[PDB]
Amino acid sequence: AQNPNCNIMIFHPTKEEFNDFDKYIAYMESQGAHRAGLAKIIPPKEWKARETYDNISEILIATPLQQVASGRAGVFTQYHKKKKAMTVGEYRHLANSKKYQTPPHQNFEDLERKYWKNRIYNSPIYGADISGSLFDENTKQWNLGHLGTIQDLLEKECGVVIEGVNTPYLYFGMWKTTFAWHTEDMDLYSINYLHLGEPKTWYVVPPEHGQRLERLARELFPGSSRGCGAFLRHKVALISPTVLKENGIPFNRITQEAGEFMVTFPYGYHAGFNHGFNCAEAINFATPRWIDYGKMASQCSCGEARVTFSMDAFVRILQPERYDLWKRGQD
Ligand SMILES: O=C(O)CNC(=O)C(=O)O
Ligand SMILES: [Mg+2]
Ligand code: NI
Ligand SMILES: [Zn+2]
């Protein structure tokens, strides 16, 4: 069995190997990459996502989210408070202000220490989930706006045509902006490109150990657990690496830098934080190996998690028994 300790693997494809996305994901998996739940892909040196980032300041962040924490330093939830619209130019200025900027630090490790010590005492503002793309239409390789769709994958594997579309999302981040512990909708893969700015640190639990995280989460967030049988779908819970180590939860960590891709694999729980002003683009995708995860994915039916139009059809075709109750949660 390849990669039995489930370590995060880092890949360095040649420009030739960068041509066929599906084939390269399949190569990574042949080397055991999926066992970690997360892989890093450094693009060939010849490749670029676009020519420059000099003209992005007029993109609108219609609903910036202030991320307010409750709990203790290592075990907390976060809620999102909606703020007034601002442009990317305005957001970058705010990220760089004395109130919100990255503190002085020695190295990534010192910054990580400062994150876990101090995150809960601040409420950073995140421009998340903004439909759109920063890839130039002439970038032909690993263009997250030109991938094969999840609906076409299901049609190719299963023979059923379904409604829905699949488009990318932009994330504009600042120091301490946080992504809570989650897997993707319907336990899909995701791919994330860090277009510009400061790094993003990731933590991940191997898929084969996901249930261990869920059991710890039920213990640490006991009211949430009673309210919903899949409350991690709400994407609000944070658990520090110190707490995971104290509870024997297997995980790994890695820092992504500008110009690098990260791929999350089906049922790979992940969480993390941004180091400073940055912009990432991400999208879900599927492969034939996903189908069996999709069929078994937990769902939120308390109604909090409220998800895309396109997820309907996945639940309807792959999880027909769940379908009824789940759409009651959606309506
Ligand atoms: O970048 C972020 O805030 C969150 N991204 C993801 O969880 C992902 O790409 O799967
Ligand atoms: Mg612009
Ligand atoms: Ni994710
Ligand atoms: Zn729920």
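The chain is numbered in sequence order, starting from 1. When reading the values below, keep in mind they use all heavy atoms of this one structure, side chains included, and skip hydrogens, waters and symmetry mates. Counting convention: from 1, in listed order, for ligands and their atoms alike.
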Report task. Rounded to the nearest 10 degrees, what's the angle SG of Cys300 makes with SG of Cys302 at the Zn ion (ligand 4)? Could you check? Result -> 110°
Requested in this report: Describe, in one word, how the ring planes of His195 and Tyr193 are oriented to each other, choosing from parallel (under 30°), tilted (30 to 60°) and perpendicular (over 60°).
Outcome: perpendicular
**Report entry** From CA spacing to verdict: side-chain contact (heavy atoms from CB on, under 4.5 Å), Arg119, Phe76
**Finding:** CA-CA 10 Å; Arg119 160 68 186 95; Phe76 63 93; 3.6 Å; yes
Query raised in the report: Which N, O or S atom name in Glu184 marks its closest approach to the Ni ion (ligand 3)?
Result: OE2
Requested in this report: Could you tell me the separation between the CZ atom of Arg92 and the CG atom of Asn278, rounded to the nearest 0.5 Å?
Outcome: 12.5 Å
Requested in this report: Indicate the ring-plane relationship of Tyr91 and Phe277, choosing parallel, tilted or perpendicular according to the 30° and 60° boundaries.
Outcome: tilted
Query - Proximal heteroatom of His182 relative to the Ni ion (ligand 3) (N/O/S) - result: NE2
Report task. Mind reading off the angle at the Zn ion (ligand 4) between the NE2 atom of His234 and the SG atom of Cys228, rounded to 10°? Result -> 110°
